[PDB]
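Trainee:
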Amino acid sequence: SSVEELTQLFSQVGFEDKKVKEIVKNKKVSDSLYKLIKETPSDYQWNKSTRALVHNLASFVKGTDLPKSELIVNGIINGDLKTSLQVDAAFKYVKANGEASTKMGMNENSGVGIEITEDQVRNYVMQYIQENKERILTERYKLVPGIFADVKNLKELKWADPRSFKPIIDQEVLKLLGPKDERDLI
């Protein structure tokens with residue numbers, strides 16, 4: 002309810018004081034955050050990751066009532082939904098399906114259990130390079146920022162960790178282009 006109660010709960014779950022002050026600036030998001038936090042186990046121990054993810058969720062709900070919202074919360078606190086991206090997907094799914102939403106349906110549509118390995122990223126990158134080989138041979142290293150943009154956008158890599166994308170691309174491009182030479186001067 003009141004700013005004092007909201008303040009108390011948020012700092013108790015471990016939001017830092019400067020963060021709490023910012024959150025309560027937005028009363029709709031604060032209302033959702035409060036209600037979302039209250040539908041988790043009394044003895045659950047928040048951390049930087051889940052606090053942030055539940056705040057994401059609150060920022061999506063933004064004062065409105067979402068049927069089956071607890072499915073998303075349980076997914077966050079149990080480690081099923083690890084990223085803002087998964088939380089946004091789970092939110093969109095639960096919003097689309099309303100009360101017909103189930104854990105498995107949400108999971109299945111929020112990348113839950115999907116782990117793309119460095120080896121799979123590499124396969125997808127290789128395939129892209131094969132498909133665009135002559136455009137890439139012609140443009141050489143100047144095109145690397147473009148390859149990166151296109152690789153991020155590959156739907157097979159939606160749930161992949163995007164920090165792997167750049168090093169794997171640099172390695173694969175080297176195989177085709179050879180090392181940077183006079184052709185690559187800027």
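Take the sequence shown: its position 186, counting from 1, is numbered 187 in the authors' numbering, and each next residue is one higher.
All residues carry an ideal CB built from backbone N, CA and C; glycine is no exception.
For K156 and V174, what's the separation of their Cα atoms in angstroms?
Mentor: For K156 and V174, the distance between alpha carbons rounds to 21 Å.
Trainee: Measuring alpha carbon to alpha carbon, tell me which of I73, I24, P68 ends up nearest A101.
Mentor: Nearest C-alpha to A101: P68.
Trainee: Looking at C-alpha atoms only, which residue of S165, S43, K176 is the closest neighbour of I117?
Mentor: The shortest Cα separation from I117 among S165, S43, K176 belongs to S165.
Trainee: Would you kindly work out how many angstroms separate the C-alpha atoms of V74 and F16, rounded to a whole number?
Mentor: Approximately 17 Å between the Cα atoms of the pair.
Trainee: Counting only beta-carbon atoms, is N27 nearer than 9 Å to chain D?
Mentor: This model lacks chain D altogether, as it is built from one protein chain only.
Trainee: Where does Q46 sit, in a helix, a strand or coil, going by DSSP?
Mentor: The answer is coil: DSSP assigns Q46 none of H, G, I, E or B.
Trainee: Taking only three categories from DSSP, how would you classify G76?
Mentor: Correct three-state label for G76: helix.
Trainee: Taking the straight line between their C-alpha atoms, what separation do you get for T139 and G179?
Mentor: Their backbone Cα atoms lie some 13 Å apart in a straight line.
Trainee: Just to confirm, are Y129 and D162 a CB contact at a threshold of 9 Å?
Mentor: No; because the gap between Cβ atoms is not below 9 Å, this pair is not in contact.
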